[PDB]
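Starting off, we have a lone chain in the form deposited without ligand HLZ, written out as structure tokens.
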């Protein structure tokens, strides 16, 4: 199934486990497979994090997914190619002040090593809205410029916090432990975020992708295109326009979700 995935992300290069290949895979993945939560929005949990289920959805069915699906899938691919992959858990703190409540531990990211690596790399292709489109050195202090924003890791408690300069302010994105977590713990987290009535992935629509040096971010009916030069904001007119945008700009096979009218009705209720 390695080839199905590589075709899905339009990847052409070498497949040896090197830093160059990791960079090129991460760039290809993040440009090809959207972040989206249409399953949880429609009452379909994200419960099966196996390679086969994630490939069937994100590759064969041309859907996107959220963190567990993205980092699930790329993690399996990287391991098949000969990288060593450890799955980590984190808490999302984006836009939160330092005195905010402790968030649930419902993000997942990867620590990746390979022959000749100078150290481990953080890979996260699943953090919709702000996901780094390059592997990042798992090291604190260093400012790490990507094709988009600069990122930086710092020590926090008995773990790390990933930050990015967004527009003109350094913003903490998520905090994470560098301890490997078992697959079952990731499943418990994904169940919560895909089914809990308070989950932002159950109560609203979120989609994200990257195209032409720009982030395309959709929160409900609110589309934002963050380009180098600035940000364009568009208010989508109705649920039909939102579905058209998911298919046309985010590359999602929205037909997979079922009857277009049922998707539109949910979007109408939630987003309008």
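Numbering follows the first chain given and starts at 1.
There is another form of the same protein, the form deposited with ligand HLZ bound; it is not shown, and what comes next is about it.
Enquirer: Which residue, 180, 142, 145, 183, has a heavy atom that falls within 4.5 Å of ligand HLZ in the entry with it bound?
Expert: Of 180, 142, 145, 183, the residue with a heavy atom within 4.5 Å of ligand HLZ in the entry with it bound is 145.
Enquirer: Which one, 201, 151, 83, 121, lies within 4.5 Å of ligand HLZ in the entry with it bound by heavy atoms?
Expert: Answer to the contact question: 201.
Enquirer: Contact between residue 161 and ligand HLZ in the entry with it bound at 4.5 Å, heavy atoms?
Expert: Outside the cut-off, so no.
Enquirer: With heavy atoms only and a cut-off of 4.5 Å, decide whether residue 166 touches ligand HLZ in the entry with it bound.
Expert: Residue 166: contacts ligand HLZ in the entry with it bound.
Enquirer: Does residue 138 reach ligand HLZ in the entry with it bound if we count a contact as any heavy atom within 4.5 Å?
Expert: The answer is no: residue 138 has no heavy atom within 4.5 Å of ligand HLZ.
Enquirer: Would residue 172 show up as a contact with ligand HLZ in the entry with it bound if we use heavy atoms at 4.5 Å?
Expert: No - in the entry with it bound, heavy atoms of residue 172 and ligand HLZ never come within 4.5 Å of each other.
Enquirer: Looking at heavy atoms inside 4.5 Å, which stretch does ligand HLZ contact in the entry with it bound, given the options 24-32, 55-63, 223-231, 243-251?
Expert: That would be 223-231.
Enquirer: Given a 4.5 Å distance limit between heavy atoms, list every residue of 65-101 close to ligand HLZ in the entry with it bound, or none if there are none.
Expert: Contacts from 65-101: 66, 67, 92.
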